[PDB]
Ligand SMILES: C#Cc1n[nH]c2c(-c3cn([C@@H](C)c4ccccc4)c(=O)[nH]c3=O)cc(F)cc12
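Presented below, as structure tokens, is a lone chain in the form deposited without the named molecule.
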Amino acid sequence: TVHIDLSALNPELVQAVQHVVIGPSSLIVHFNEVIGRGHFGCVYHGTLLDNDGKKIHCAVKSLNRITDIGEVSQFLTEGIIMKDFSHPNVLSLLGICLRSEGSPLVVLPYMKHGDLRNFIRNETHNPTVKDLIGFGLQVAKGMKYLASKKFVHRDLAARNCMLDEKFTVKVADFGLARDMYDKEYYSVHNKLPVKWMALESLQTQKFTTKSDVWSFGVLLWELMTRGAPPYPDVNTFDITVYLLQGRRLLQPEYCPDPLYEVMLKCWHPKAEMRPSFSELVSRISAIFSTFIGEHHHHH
């Protein structure tokens, strides 16, 4: 029932939204069919009528019970930040629907297989070790692209990646993503994923591509453990001390030794000493191509 006053938003943000607008008549939000949850609300199945009149299956993000303009602005930015994304391992934006009343709607392509964490946890799907390394390589390529556009993700985790009908892994949620401009960092001004955060980010609240590399390492560990929760016997509040003591996530059972070395490199206490995403793509690609095991998907 909300009425959003657009004159209360930053003009550059409103113009950006206007450019990716979806006509209210072209979208059916299947509001009785929940499919996920972002940082600002739930995600639903949707049907999008395209420019050529074809029905497109989509995922629609909405704001859950809106109270203030700041929340609307952050939610719209989580859609606008994705507008120029064009990479096979990065989810694209289909558009934004803003009706006369109610929450704005961020429209994304539907990803057949759902989130990466749930996919690997499914005992029947049972991805092989090589399949898991391949998923890790795909995420690395998406992050290499994001890093090249000077965006800091800040919330990289398996649950934030999706798999499409061809098993292509795409970095999908950008609810905490920020443009670094020419600064090479983002510091918090205005619910943080503690067990995926770099030690320096937990201490200073400053995020960089190198802090995303740390999160990537944890995502690789989630892959190799088939979606186990990290540090299960460490409380969220005791993580900083645990990490300052030099302690790290242990080698997963079926994980190749060179891939565990890659994870360790991602968690170096000195951010400058961590590999770049370009270096991670090269290293993981060599591990992937030399691991001769059973494999299903195309990486």
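We number the residues from 1 along the sequence you see.
As for the form deposited with the named molecule bound, it is not shown, yet the points below apply to it.
Transferring the named molecule from its position in the entry with it bound by superimposing the C-alphas around the site places at least three ligand atoms within 2.4 angstroms of backbone or C-beta atoms here, which marks the site as blocked. 96 is the sole member of 120, 224, 96, 218 with a non-hydrogen atom lying within 4.5 angstroms of the named molecule in the entry with it bound. Contact annotation: of the candidates 171, 140, 213, 133, the single residue with a non-hydrogen atom within 4.5 angstroms of the named molecule in the entry with it bound is 171.
For the marked spot (63, 108 and 153), a heavy atom within 4.5 Å of the named molecule in the entry with it bound is present in each of the three residues. The named molecule in the entry with it bound comes within 4.5 Å of no heavy atom belonging to residue 149. In the entry with it bound, the named molecule sits within 4.5 Å of a heavy atom belonging to residue 75. Taking non-hydrogen atoms only, residue 199 never approaches the named molecule to within 4.5 angstroms in the entry with it bound.
None of the heavy atoms of residue 204 is located within 4.5 Å of the named molecule in the entry with it bound.
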